[PDB]
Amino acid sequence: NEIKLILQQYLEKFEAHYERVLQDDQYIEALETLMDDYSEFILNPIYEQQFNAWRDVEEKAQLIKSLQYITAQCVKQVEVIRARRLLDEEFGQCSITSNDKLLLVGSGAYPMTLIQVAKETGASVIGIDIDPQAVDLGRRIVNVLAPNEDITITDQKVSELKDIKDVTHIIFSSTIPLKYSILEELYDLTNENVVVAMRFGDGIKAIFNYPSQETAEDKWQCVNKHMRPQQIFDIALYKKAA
């Protein structure tokens, strides 16, 4: 009972903060505070166990779907504003080095992950994003924070990437709704030895993430699933079936 009203309250605030933040930029501090609060809520064992206990399976879905939608849009808005203001253990043995090439799907307006991996690894990195504003801001952020690195950001779809066969590692942003549809597309486009990290969130985490899914055993094999109690998203590693 309690969980439903918290989720409802969250959804209300999120939709308001979003509309207010799109109307005026100074609402960013409040939205960030809400997001920190939300993150703490999700990772708190009380609320996580209460969410799972709630067995109104139908009723939970509409809040989940609503929240995952509005939060994804809020995260994008935070990144855009942050950008304008400024202006591999997960992989284990399959980690990234200077001889590798990383594609990030959903690079974002403030592409910190992309810059971070490029600086530490030396690897060539490619980010794609469907939102042209995110591509524009992301590129400009790269020019300021990592101009010497080999980072390319584009609005190209995976099937338009001329160098897709040379990619060794792929990371998916969690807040991409059709991320498994893209993964399916990538099977034919990629070399045999590629490794994919799918960010996801299941259970209560699905209110701030898109969930995991079962994949066709004939294409992509899940080789690892990493559950991170202190992180807002978990990671699943996929390799092509041999």
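Numbers follow the displayed sequence, beginning with 1.
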Gap size between residue 87 and residue 88, counting deposited residues with no coordinates: none, 1 to 3, 4 to 9, or 10 or more?
10 or more
On mean C-alpha B-factor from the PDB entry, just flag whether 102-110 or 137-145 is the higher one.
137-145
Decide which of the stretches 173-181 and 42-50 has the higher mean C-alpha B-factor, going by the entry.
42-50
Taking the Cα B-factors listed in the entry, which of 202, 32, 188, 192 comes out highest?
32
Going by the entry, which of 232, 227, 16, 223 has the most elevated CA B factor?
16
Among modelled residues of the same chain, the CA temperature factor third for residue 163:
highest
Could you look up the Cα B-factor of residue 240 in the entry and say which third of the chain it sits in: lowest, middle or highest?
middle
Compared with the other modelled residues in the chain, in which third is the CA B-factor of residue 69?
middle
Residue 212 - which third its CA temperature factor falls in, relative to the rest of the chain
lowest
